[PDB]
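A.B. asks: Take a look at the following structure, please.
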Amino acid sequence: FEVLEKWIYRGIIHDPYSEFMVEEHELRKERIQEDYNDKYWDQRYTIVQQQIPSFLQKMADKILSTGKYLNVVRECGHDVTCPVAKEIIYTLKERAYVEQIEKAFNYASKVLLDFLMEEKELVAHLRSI
Amino acid sequence: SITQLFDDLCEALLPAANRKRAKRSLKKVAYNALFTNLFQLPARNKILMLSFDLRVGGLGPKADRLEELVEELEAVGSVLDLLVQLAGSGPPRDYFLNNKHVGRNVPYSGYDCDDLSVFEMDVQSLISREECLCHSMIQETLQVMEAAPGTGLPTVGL
Amino acid sequence: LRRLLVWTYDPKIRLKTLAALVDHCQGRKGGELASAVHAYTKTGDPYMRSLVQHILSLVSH
Amino acid sequence: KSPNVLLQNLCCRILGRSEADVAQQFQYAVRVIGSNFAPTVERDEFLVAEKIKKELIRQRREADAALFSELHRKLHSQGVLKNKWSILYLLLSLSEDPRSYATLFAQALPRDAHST
Amino acid sequence: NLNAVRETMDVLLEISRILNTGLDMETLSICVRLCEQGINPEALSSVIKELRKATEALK
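These protein sequence lines map, in sequence, to chains A, B, C, D and E. full-length UniProt numbering puts the first residue of the first sequence at 388, with every later residue one more than the last. Taken in order, the second sequence gives residues 3 to 19, 29 to 51, 64 to 98, 107 to 123, 130 to 195; the numbers are from full-length UniProt numbering. full-length UniProt numbering puts the first residue of the third sequence at 364, with every later residue one more than the last. Taken in order, the fourth sequence gives residues 7 to 105, 113 to 129; the numbers are from full-length UniProt numbering. full-length UniProt numbering puts the first residue of the fifth sequence at 17, with every later residue one more than the last.
Quick look at the structure:
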């Protein structure tokens, strides 16, 4: 729960052991193109099913998508400005880290939606289609 | 409001097993002891002068709590003036004593066997009750099992 | 105190952390060794992470 | 007297104000002085005299450093004082020159090689 | 007003617990309400120790 202190409020993982629920890949490479995966749910950030602390399962897809949304704004911008610096080391018999995941998950979509509708806007691309 | 709580105080010092006249006699001795003494410097500073006396004999966090709470209680002083004089009329591990294994704190401390020796007293204080019980069940029953006949338990005195 | 077996259980973990860097960083020289003291502030034992988070503070001067 | 009221006598002596004026300072003083009532280091008055000598050499008065030996004699002559170390260390801590490296030279033993 | 003095009384319980007082909840309520009226509390500190002693002489 110190890897989540960076991955869910940003788009980076500083865990070098792969026993974390998210595992990192890059799809900004030379053999991987933009339309060679089509979805960055496929091969960039995936979720390991049996390496989950057995109750984070309730938020699991949102946990993936939260740091997943934030990174593709960072990669071609710098915009994070996170409003959740709350941190945890897994205090059991308290559900504070369902709430922190929910707040970060809403903020991630705020940043990605703002980036997507301002720069390389989906308004004009769909109009031109 | 004082006159109902002094009545409740006199209810508690009455043993509840008649018992409607004994309360008034306890009220007699209560007023008779109340007017005996009546016949014959800030508030918070009195807490500060004893928090120092707390700090000299160990127990840092208790003084740390005692000084912060009276700070927000001054941001009622007669109660603390009452408490500084009643502070000697009272009664006559978890996972953190010397935990140097887990934590994001630096393990860097030297030896003195006077943090661990008052961690041997943290166990011995449990054991010094749990050993006085083993002495005080056989003496307490050998002082009652052996007496003179007819005065050995007062239920034969009925 | 049980023939001093308590006193070989706060260190013998100090020593255990500092006998790993005595082989793992044995074979390095220069700034390539400060590519591998950063390997012990990511290790899972919260013991070793906080001992090396202090030594690397002195080393990065 | 008792030490706790003696702290209050201190806070009235140095300030021209009474205790009714400011009580934040007396609380912070309780935070400092408490759990420091016992010298956990060696109390050699000899080292403390040889530190006043280094201090008066650092202020370039050798005549004052040589009258200091007669005054250090007078403490030996009476001998009624109990901790000679504490009062001279206190007056040395509040040293002032009427007109760098100081931790690198002699200090009392820590007692980390002894049980405190 | 009764909401304020209740909260201050609840805070006053914990500090009379760590200062090792002879008080329980009932003598805390009577003596705090007595101090609210206002008399010298230095004499109340003697009358309380006398009241408990004079009840204890009967037992």
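Beta carbons are placed, not taken as given, at the ideal position from N, Cα and C, and that holds for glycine.
Taking 8 Å as the threshold (beta carbon to beta carbon), is B:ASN48 in contact with chain E?
C.D. replies: Along the second sequence, one-based indexing puts residue 48 of chain B at 37. Chain E, which has a Cβ nearer than 8 Å to the Cβ of B:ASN48, makes this yes.
A.B. asks: Mind reading off the beta-carbon distance from B:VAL143 to C:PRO409? Whole number of angstroms is fine, and I expect it under 8 Å.
C.D. replies: Your numbering for residue 143 of chain B matches position 106 in the second sequence. Your numbering for residue 409 of chain C matches position 46 in the third sequence. Their Cβ separation, rounded to whole angstroms, is 11 Å, which puts B:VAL143 and C:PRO409 out of contact at 8 Å.
A.B. asks: Could you tell me the distance, in whole angstroms, from the CA atom of C:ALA397 to the CA atom of A:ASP402?
C.D. replies: As a working note, residue 397 of chain C is residue 34 in the third sequence. As a working note, residue 402 of chain A is residue 15 in the first sequence. Straight-line Cα distance between these residues: approximately 18 Å.
A.B. asks: Could you tell me the boundaries of the alpha helix (DSSP H) in which C:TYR410 lies?
C.D. replies: Working through the third sequence from its first residue, we reach residue 410 of chain C at position 47. Here the alpha helix (DSSP H) through C:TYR410 covers 409 to 422.
A.B. asks: What is the rounded straight-line gap between the Cα of A:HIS465 and the Cα of A:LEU451?
C.D. replies: Within the first sequence, residue 465 of chain A is the residue found at index 78, counting from 1. Within the first sequence, residue 451 of chain A is the residue found at index 64, counting from 1. The straight-line gap from Cα to Cα measures roughly 20 Å.
A.B. asks: Going by the DSSP bridge assignment, what does C:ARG391 pair with across the sheet?
C.D. replies: Counting from one through the third sequence, the residue named residue 391 of chain C turns up at place 28. Per DSSP, C:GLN389.
A.B. asks: Just checking my contact of D:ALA26 with B:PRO65 at CB under 8 Å: how many whole Å lie between their CB atoms?
C.D. replies: Numbered from its first residue, the fourth sequence carries residue 26 of chain D at position 20. Numbered from its first residue, the second sequence carries residue 65 of chain B at position 42. Confirmed, about 6 Å.
A.B. asks: Roughly how many angstroms separate the alpha carbons of A:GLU474 and A:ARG482, rounded to a whole number?
C.D. replies: On the first sequence, residue 474 of chain A is found 87 positions in, with the first residue counted as 1. On the first sequence, residue 482 of chain A is found 95 positions in, with the first residue counted as 1. In a straight line, the C-alpha of A:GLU474 is about 13 Å away from that of A:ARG482.
A.B. asks: Drop a sphere of 10 angstroms on the beta-carbon of B:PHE75, count the other beta-carbons inside from all chains shown, and report buried for 16 or more, exposed for fewer.
C.D. replies: Within the second sequence, the letter at position 52 stands for residue 75 of chain B. The residue is buried, with at least 16 neighbouring Cβ atoms inside 10 Å.
A.B. asks: Between E:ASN19 and chain B, is there a C-beta pair that is closer than 8 Å?
C.D. replies: For the purposes of this step, residue 19 of chain E is taken as residue 3 along the fifth sequence, with counting starting at 1. By this cut-off, E:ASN19 is not an interface position.
A.B. asks: Could you tell me which chain B residues have their CB closer than 7 Å to the CB of D:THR129, listed as they occur along the chain?
C.D. replies: Translated into positions along the fourth sequence, residue 129 of chain D becomes position 116. What D:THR129 touches in chain B: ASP149, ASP151.
A.B. asks: Note the first and the last residue of the continuous beta strand (DSSP E) segment covering A:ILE434.
C.D. replies: Along the first sequence, read from residue 1 onward, the residue named residue 434 of chain A stands at position 47. From DSSP, the beta strand (DSSP E) with A:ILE434 extends over 432 to 434.
A.B. asks: When the Cα atoms are used, what is the spatial distance from B:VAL93 to A:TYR396?
C.D. replies: The count along the second sequence starts at 1 and reaches residue 93 of chain B at position 70. The count along the first sequence starts at 1 and reaches residue 396 of chain A at position 9. Those two C-alpha atoms are separated by around 39 Å.
A.B. asks: What does B:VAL181 touch in chain E if you count any residue whose Cβ is under 9 Å from its own?
C.D. replies: By one-based count along the second sequence, residue 181 of chain B stands at place 144. What B:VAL181 touches in chain E: nothing, since even the nearest Cβ is about 21 Å away.
A.B. asks: Which term fits B:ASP112, buried or exposed, when burial requires 16 or more other beta carbons within 10 angstroms of its beta carbon?
C.D. replies: Indexing the second sequence from 1 puts residue 112 of chain B at position 81. Result: buried.
A.B. asks: Given a cut-off of 8 Å, decide if B:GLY121 and E:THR37 are closer than it, judged by their beta-carbon atoms.
C.D. replies: One-based indexing of the fifth sequence puts residue 37 of chain E at position 21. One-based indexing of the second sequence puts residue 121 of chain B at position 90. Yes.
A.B. asks: State yes or no: is the C-beta of A:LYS449 within less than 8 Å of the C-beta of A:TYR427?
C.D. replies: Here residue 449 of chain A refers to the residue found at position 62 when the first sequence is read from its first residue. Here residue 427 of chain A refers to the residue found at position 40 when the first sequence is read from its first residue. The answer is no: Cβ separation not under 8 Å.
A.B. asks: Are three or more beta carbon pairs between the segment 40 to 53 of chain D and the segment 76 to 96 of chain D nearer than 8 Å?
C.D. replies: Yes, the segment 40 to 53 of chain D is in contact with the segment 76 to 96 of chain D.
A.B. asks: Can you tell me which of the three DSSP states A:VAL459 falls into?
C.D. replies: Within the first sequence, the letter at position 72 stands for residue 459 of chain A. If DSSP states are grouped into helix, strand and coil, A:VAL459 belongs with the helices.
A.B. asks: Near A:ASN458, what residues of its chain come up, given a Cβ to Cβ distance below 7 Å and the 5 sequence neighbours on each side ignored?
C.D. replies: Taking the first residue of the first sequence as position 1, residue 458 of chain A is located at position 71. Once the five neighbours on either side are set aside, the close Cβ partners of A:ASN458 are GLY398.
A.B. asks: Is the shortest distance between the beta-carbon of E:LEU29 and the beta-carbons of chain B less than 8 Å?
C.D. replies: Within the fifth sequence, the letter at position 13 stands for residue 29 of chain E. It does not; no Cβ of chain B falls within 8 Å.
A.B. asks: Check A:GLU411 in the structure and name its three-state DSSP category.
C.D. replies: The residue given as residue 411 of chain A occupies position 24 in the first sequence. Note: A:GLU411 maps to strand in three-state DSSP.
A.B. asks: Decide if B:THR5 is buried, meaning its Cβ has at least 16 other Cβ atoms within 10 Å, or exposed.
C.D. replies: The count along the second sequence starts at 1 and reaches residue 5 of chain B at position 3. Per the 10 Å Cβ criterion, exposed.
A.B. asks: At the level of alpha carbons, what is the spacing between E:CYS47 and E:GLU30?
C.D. replies: In the fifth sequence, counting from the first residue as 1, residue 47 of chain E sits at position 31. In the fifth sequence, counting from the first residue as 1, residue 30 of chain E sits at position 14. Between E:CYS47 and E:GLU30, the C-alpha separation is close to 16 Å.
A.B. asks: In this structure, does DSSP put B:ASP151 in helix, strand or coil?
C.D. replies: Position 114 of the second sequence, counted from the start, is the residue given in the question as residue 151 of chain B. Coil at B:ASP151, not helix or strand.
A.B. asks: Identify whether A:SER441 lies in helix, strand or coil by the three-state DSSP scheme.
C.D. replies: Indexing the first sequence from 1 puts residue 441 of chain A at position 54. Coil.
A.B. asks: Applying a beta-carbon distance threshold of less than 8 Å, which residues of chain B neighbour E:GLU58?
C.D. replies: Numbered from 1 along the fifth sequence, position 42 holds the residue referred to as residue 58 of chain E. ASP112, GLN116, listed in chain order.
A.B. asks: Does the distance from the CB of D:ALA29 to the CB of B:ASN68 come in under 8 Å?
C.D. replies: In the fourth sequence, counting from the first residue as 1, residue 29 of chain D sits at position 23. In the second sequence, counting from the first residue as 1, residue 68 of chain B sits at position 45. Yes.
A.B. asks: Hey, how far is the Cα of A:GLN437 from the Cα of B:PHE156?
C.D. replies: As a working mapping, residue 437 of chain A is identified with position 50 in the first sequence. As a working mapping, residue 156 of chain B is identified with position 119 in the second sequence. Their Cα atoms are separated by approximately 42 Å.
A.B. asks: Among E:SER45, E:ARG68, E:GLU58, which residue has its Cα nearest to the Cα of residue 106 of chain B?
C.D. replies: For chain B, the structure lists 98 followed at once by 107, and that leaves residue 106 of chain B out of the model.
A.B. asks: Excluding the 5 residues flanking B:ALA33 on each side, which residues of the same chain have their C-beta closer than 7 Å to its C-beta?
C.D. replies: On the second sequence, position 22 is the one that residue 33 of chain B refers to. Excluding positions up to five away in sequence, the list reads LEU16.
A.B. asks: Rounded to a whole number of angstroms, what is the C-alpha to C-alpha distance between D:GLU68 and D:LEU16?
C.D. replies: Translated into the one-based positions of the fourth sequence, residue 68 of chain D becomes position 62. Translated into the one-based positions of the fourth sequence, residue 16 of chain D becomes position 10. For D:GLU68 and D:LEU16, the distance between alpha carbons rounds to 34 Å.
A.B. asks: Taking D:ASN15 as part of the alpha helix (DSSP H), name the residues at either end of that continuous run.
C.D. replies: Here residue 15 of chain D refers to the residue found at position 9 of the fourth sequence. Per DSSP, D:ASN15 belongs to the alpha helix (DSSP H) from 9 to 20.
A.B. asks: Against chain D, with Cβ distances strictly below 8 Å, would B:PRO122 count as a contact?
C.D. replies: Numbered from its first residue, the second sequence carries residue 122 of chain B at position 91. By this cut-off, B:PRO122 is not an interface position.
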